[PDB]
Engineer: 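Below you will find the structure I want to go over with you.
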Amino acid sequence: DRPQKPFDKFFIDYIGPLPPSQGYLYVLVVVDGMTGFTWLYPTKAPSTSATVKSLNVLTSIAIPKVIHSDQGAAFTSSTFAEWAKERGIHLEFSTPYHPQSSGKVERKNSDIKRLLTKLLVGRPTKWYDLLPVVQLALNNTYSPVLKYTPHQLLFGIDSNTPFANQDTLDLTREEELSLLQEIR
Amino acid sequence: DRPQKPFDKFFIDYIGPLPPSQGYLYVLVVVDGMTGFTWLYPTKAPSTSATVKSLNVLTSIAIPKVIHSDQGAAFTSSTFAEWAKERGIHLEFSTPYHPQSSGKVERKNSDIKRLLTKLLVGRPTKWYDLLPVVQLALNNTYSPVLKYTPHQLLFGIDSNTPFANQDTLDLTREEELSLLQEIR
Amino acid sequence: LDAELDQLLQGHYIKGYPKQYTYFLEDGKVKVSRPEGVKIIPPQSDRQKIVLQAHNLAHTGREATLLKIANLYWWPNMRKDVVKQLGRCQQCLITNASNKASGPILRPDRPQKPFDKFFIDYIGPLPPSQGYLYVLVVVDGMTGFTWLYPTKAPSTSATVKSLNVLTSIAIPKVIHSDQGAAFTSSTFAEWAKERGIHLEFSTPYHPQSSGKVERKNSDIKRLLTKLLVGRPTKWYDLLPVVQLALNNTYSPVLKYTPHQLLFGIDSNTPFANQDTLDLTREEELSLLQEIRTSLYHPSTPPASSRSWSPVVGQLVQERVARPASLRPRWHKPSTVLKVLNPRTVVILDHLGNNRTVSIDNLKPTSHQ
Amino acid sequence: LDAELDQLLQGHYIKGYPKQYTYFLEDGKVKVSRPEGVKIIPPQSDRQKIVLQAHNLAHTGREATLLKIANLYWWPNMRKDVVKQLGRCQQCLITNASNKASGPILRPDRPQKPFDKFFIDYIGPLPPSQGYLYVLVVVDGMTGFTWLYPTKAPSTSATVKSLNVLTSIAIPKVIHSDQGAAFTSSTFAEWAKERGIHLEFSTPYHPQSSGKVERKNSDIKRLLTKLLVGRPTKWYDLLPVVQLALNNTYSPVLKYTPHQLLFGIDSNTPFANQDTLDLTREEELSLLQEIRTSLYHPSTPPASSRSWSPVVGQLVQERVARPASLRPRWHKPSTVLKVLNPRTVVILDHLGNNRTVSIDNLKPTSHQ
DNA sequence: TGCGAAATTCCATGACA
DNA sequence: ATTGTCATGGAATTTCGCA
DNA sequence: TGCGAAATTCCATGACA
DNA sequence: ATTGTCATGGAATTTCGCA
Ligand SMILES: O=C(NCc1ccc(F)cc1)c1nc(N2CCCCS2(=O)=O)c2cccnc2c1O
Ligand SMILES: O=C(NCc1ccc(F)cc1)c1nc(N2CCCCS2(=O)=O)c2cccnc2c1O
Ligand SMILES: [Mg+2]
Ligand SMILES: [Mg+2]
Ligand SMILES: [Mg+2]
Ligand SMILES: [Mg+2]
Ligand SMILES: [N+]
Ligand SMILES: [N+]
Ligand SMILES: [Zn+2]
Ligand SMILES: [Zn+2]
């Protein structure tokens, strides 16, 4: 059996609805299975159309052999199946109510959700502008299991933005108090 | 004493007034002394100004050492003297009432007057357009005294418009009759 | 296709499939263990589609297309099939640049006599001066003697007016011009026929062909610029000065000014040459004739190491004149009917017309 | 002047007036019988005016000026006085062309790593497509990997928007651009400082300096043209296709695609290479590092036989950027302060400023 | 019958929309 | 059915002045 | 240990406003 | 304070298949 590689499998999922930022409401999350590399795309809906528009960007950089998702409507539509067929991409679905990725991906998706929450508090409406720095953070974060960041695994070099502070990622007492205020 | 050359002496004179042609009334006549080459310039007046404008054209092609003329007003003015001085051209005047050129020039000026008269009859108002062909004729006319046309003496080659017909130059009986009509 | 590959699997020899490699079946496909690794040998009936798909990814040339194919496949003489497609891809043929230079320039013979051949051209538009915007430039081929006329337009009418004044002096056998609007009108053709003047045209879009006058345009503009430094660009009143100045300037290679080559004696201008002061005009005209024939004439330079020269029947392509944004820079392939000279040809073109065209506006079609 | 020529007439020897010729008086002027004939030797105090008058007829160079003078005069070392005036004629110095080529081009080292250096540039205006008219092109120096963004203007704002999306992936050490409006604004400088990105600028009016991206612009336009043949020029929807197509095209000299140099493995695109199928990612990244360092690098070509190279303190002249009609193509002479490299210099210029300038936009001032 | 220096010739370079 | 040209200023080469 | 032919490499040419 | 580049397709050169 051949060793696992970048582009072997992209794991995709939506996060949201979120507070409106520059008119956007969701984040399409794409994580490379082998490297843990993350790409994020702001969308206005979790629709097949927004998924195609977003993945059109990514797949103009690299094409995955397999896209893995849950049975979201956007991902099970025949339009999205057409799209993937056109590009020679195999589609892969977790069974309903039972999402399975890999340890690495699960953990990454977790960090993504937590990191978003942490920075959207105080500025719940400014997340659109922060997506770039979010991704750099995620992709320059040291992986305990492998000796390397996703950046390093994807490009085979060190990065010019090492995030040397492995961070709190937890909400400070002040943030817990004003998170219970904004959600009221 | 050095042999005579082109540009040694230009002989100039006005002919007119003539019937208006494209608004013009005179012809400035310039004849190179050595070669008998003729240049003609249509003017609206026998003035210093029209002479300068016309000679400015010619002297942007070749500059004579000496300009010879009679004591026309246009040629004795201090403006014209200034002009000639500016260009290193010596000015030369025949004594009043006693015009002297050379045999060659006299004869040429004669041909010019006669040829003009011949062609202005029938079309006394179309001479402006004919000046080019007049000049070619004059300049490609065989000189009995030298073995050569002015063209040949000026350029040292045969011409592409030889005027093989040495012409009548005399007015036919019909032309004498309609010359006595137009001048009535 | 299926027959060939079949006979191969059972160990028989087929021409062009080297014997020393082992050919097998796997996943329903013929394969072969080659030094680089295992490649799929597709059936011959599949190969055109493969080459085409590889090529079409980015419309790549020989090597870049081959390198894609070689990633998955091997067959005998792959590049032969790649080149086959390249020569058939209309889009590559008309978009790609040439990589073959024109053969070396001709140095036509100097006209034997003054007035044998005029070269004419327009300069402009220039900054408005006295309502004028252009200059008609007339250069006698043999002598280099130049006449300048200011115009308001590069028009047939203004050309005719100017040449009526010029041809007062003499009539030329031939007038050579480029294909400017002014010179190709039927009015101008008539004007010339009326005078027994033969009109000669440059091949289209090839200013080198009017090189004699073009080169004078340079000096004309260069002198005007110098005279106008730190003044407003009132060039009209300087045309005459420039004309006289240039006609009386020495060409260092010839040792004569154009005035001298035309008249064989300087007129009353500064630093007039006096060497023939003691000769008769006739002795002078005789020395002039000798001087005219013995002038330096340059020769055809060496060809560059990868030039091409036209051959009758060759597929060649004409450069598109004013190609629109994102459109091919070349026309469809056309054939060489006649080779007028090594730098000039007649082609049976894109419209089905005979066109006389400079080699500089042609590339040889690639891959035959 | 008068003293020198006096002592000459009475038969004494003066240095530089050869003894074997006879010098006399005639018409109030010193003369000499020289092989070509009798020439006037003017007093030395008159010679500058003579040389100047000769030169000014048509602002001629060494020989063409000399040949006028020689018609009437002779003196010792005439050309020395001619050259003296040439080097002092402001108008000739700023109007004339150079006749010395630039020294041979530098081939800068390929950036060692991906993201070390970006080269960016605009293409356009292109025909309107979905309201877009330009393309921002970003080329990674090391890999050749290219990103394309459609814009409505070559603006700082559109550049910033595009690079915010790009730098989501990674941040580059250096961004090299030309001096387009978009890249030199203080807003763009801030944007870069905010990210610890160093901005590097080409010398002005020298697109070779952005050669890495410029050269990609060619392929970009060439592929777009091919894809658009016989269709309306709806290029917007093809940018992504073109980007992917080019990033996955082999450079025949390197034997790698830019995608390969960036990732060390093909993604799911047609004809993906499979040679590292059995390596671990770590083994693969190790082979990649080896592949990155051993890439062909070209060398500085031979100098042409008449090139010049800048020397500190040299008088040189900068090419006028957009010279108006009939105005000099060169600025006034300026001095070379520092030689950054054989093709790049700092000059103390026409405004009294330090300018960093390409040799290609310079000529060495003639006659010192 | 040979030297140093000046003069002449050679010619690559660039620009004519 | 037509086709490059030639001013320019350093360098290379030749000629000159003298012996 | 050497041949004919294919494969690979060389590289001048031209175009990026 | 900065610097040309590289796809292209014939030709030149090297390698391959076989003996
Ligand atoms: O003067 C010319 N100078 C350029 C030149 C001169 C000499 C040389 F060697 C190189 C270049 C010139 N160029 C013209 N063209 C305009 C650009 C598009 C097609 S073009 O044919 O190139 C042109 C067109 C129509 C009429 N007269 C024209 C003309 O005079
Ligand atoms: O792309 C360029 N291609 C030409 C090119 C490319 C590569 C090569 F080797 C040669 C030529 C280009 N050219 C610009 N210029 C416009 C013309 C007047 C001055 S310029 O500087 O020449 C330019 C100016 C401003 C911003 N970007 C520019 C730019 O991108
Ligand atoms: Mg979901
Ligand atoms: Mg009178
Ligand atoms: Mg023209
Ligand atoms: Mg630019
Ligand atoms: N010829
Ligand atoms: N470098
Ligand atoms: Zn193609
Ligand atoms: Zn000058």
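Note that these values count all heavy atoms, side chains included, but never hydrogens, waters or copies made by symmetry. Throughout, protein chains are lettered first and strands after them, A, B, ... in sequence-line order, and every chain is numbered starting at 1.
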Engineer: Would you mind classifying the nucleic acid contact of D:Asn341 as base, sugar-phosphate or nothing, using non-hydrogen atoms under 4.0 angstrom?
Structural biologist: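 Answer is base: heavy atoms of D:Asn341 come under 4.0 Å of a base.
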Engineer: Pairing donors with acceptors under 3.5 angstrom, does anything connect the side chains of D:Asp121 and D:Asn217?
Structural biologist: yes
Engineer: Under 4.0 Å: is that the gap between some side-chain N or O of D:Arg34 and OP1 or OP2 of F:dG17?
Structural biologist: yes
Engineer: If the threshold is 4.0 Å, N to carboxylate O, is there a salt bridge linking D:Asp360 and D:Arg319?
Structural biologist: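 Between D:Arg319 and D:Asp360 there is no salt bridge, as every charged N stays at least 4.0 Å from the carboxylate O atoms.
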Engineer: Between D:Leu199 and D:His176, does the side-chain contact (heavy atoms from CB on, under 4.5 Å) criterion hold? Intermediate values first, please.
Structural biologist: CA-CA 6 Å; D:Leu199 291 184; D:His176 184 120; over 6 Å; no
Engineer: Counting only side-chain N and O atoms of D:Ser218, is one of them less than 4.0 Å from OP1 or OP2 of H:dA7?
Structural biologist: no
Engineer: Using OP1 and OP2 only, check whether a side-chain N or O of D:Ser209 sits under 4.0 Å from H:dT3.
Structural biologist: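 Looking at the OP1 and OP2 atoms of H:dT3, one of them is under 4.0 Å from a side-chain N or O of D:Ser209.
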Engineer: Hey, what bend do you get for the helix from E:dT1-F:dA19 to E:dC16-F:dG4 if you fit axes on five pairs at each end, rounded to 10°?
Structural biologist: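 Nearest ten degrees gives 40° for this helix.
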Engineer: Is there a donor-acceptor contact under 3.5 Å linking the side chains of C:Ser210 and C:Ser202?
Structural biologist: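 Side-chain D/A pair, C:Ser210 to C:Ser202: present.
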Engineer: At under 4.0 Å between heavy atoms, what does D:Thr60 touch on the DNA or RNA strands: base, sugar-phosphate, or nothing?
Structural biologist: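 Sugar-phosphate contact only - D:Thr60 comes under 4.0 Å of backbone atoms but never of a base.
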Engineer: It should be established whether D:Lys255 places a side-chain nitrogen or oxygen under 4.0 Å from OP1 or OP2 of nucleotide G:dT9.
Structural biologist: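 For D:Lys255, the contact criterion (side-chain N or O under 4.0 Å from OP1 or OP2 of G:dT9) is met.
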Engineer: By the 4.0 Å heavy-atom rule, please label D:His297 as base, sugar-phosphate, or nothing.
Structural biologist: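 Nothing, no heavy atom under 4.0 Å.
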Engineer: I'd like the groove assignment for D:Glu214, based on its side-chain heavy atoms falling under 5.0 Å of groove atoms. Major or minor?
Structural biologist: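 D:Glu214 reaches into the minor groove.
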Engineer: Give a yes/no on whether any side-chain N or O of C:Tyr21 is located under 4.0 angstrom from OP1 or OP2 of H:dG17.
Structural biologist: yes
Engineer: Taking D:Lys84 first and then D:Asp81, would you say they form a salt bridge - that is, a charged N and a carboxylate O separated by under 4.0 Å?
Structural biologist: no
Engineer: Would you say H:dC6 has OP1 or OP2 under 4.0 Å from some side-chain N or O of D:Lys212?
Structural biologist: yes
